[PDB]
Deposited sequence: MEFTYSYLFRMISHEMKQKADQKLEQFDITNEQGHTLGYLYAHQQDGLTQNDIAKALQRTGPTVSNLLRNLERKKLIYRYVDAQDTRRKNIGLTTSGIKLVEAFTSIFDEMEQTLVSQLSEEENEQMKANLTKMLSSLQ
């Protein structure tokens, strides 16, 4: 009945559904954020350390994740010419990020199709006001 219970149960359930979707590509939640992160910043060169930071996880944890992604050849790496290893997405890696990026859009549409046009509009405005009141 409370907004705290509703907001948290939804977020929880949304993550549960999204991860459910990502596992059909045999990708975990964290592997998903890593891949997505690389897809959004492959323009200049990311190091294992950059990923660990933005991801807020330990080097050895990140190292083991890149290795797993690496064996599938979804990423590759080259030493920087300017003592650090840059990580890059492979073509299949880009296709995979594009494939499950469409699934997330699909989830957003399913949620929307749950309310009428007017209800969606009001819901979005009200969620915004509440998001501000807390900020």
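Undergrad: Provide the list of deposited-sequence positions lacking C-alpha coordinates, grouped into contiguous ranges.
TA: Gaps vs deposited seq, in order: 1-2, 85-86.
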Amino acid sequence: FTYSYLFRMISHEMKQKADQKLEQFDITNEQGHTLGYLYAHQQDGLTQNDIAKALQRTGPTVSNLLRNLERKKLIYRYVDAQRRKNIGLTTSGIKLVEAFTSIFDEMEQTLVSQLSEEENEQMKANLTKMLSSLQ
From here on, numbers count along this sequence of modelled residues.
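Undergrad: 5-13 versus 111-119: which one carries the higher mean Cα B factor per the record?
TA: The stretch with the larger average C-alpha B-factor is 5-13.
Undergrad: Which is higher in the entry, the mean Cα B factor of 91-99 or that of 59-67?
TA: According to the PDB entry, the answer is 59-67.
Undergrad: Which third, lowest, middle or highest, does the CA B-factor of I75 fall in along this chain?
TA: For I75, whose C-alpha B-factor we compare with every modelled residue in the chain, the answer is the lowest third.
Undergrad: Considering only modelled residues of the same chain, in which third does the CA B-factor of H33 rank: lowest, middle or highest?
TA: Its C-alpha B-factor belongs to the lowest third of this chain's values.
Undergrad: Based on the entry's values, in what third of the chain does the Cα temperature factor of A81 lie: lowest, middle or highest?
TA: Within its chain, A81 is a highest-third residue by C-alpha B-factor, going by the deposited values.
Undergrad: Taking the chain's C-alpha temperature factors as the reference, tell me which third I27 falls into: lowest, middle or highest.
TA: Lowest third.
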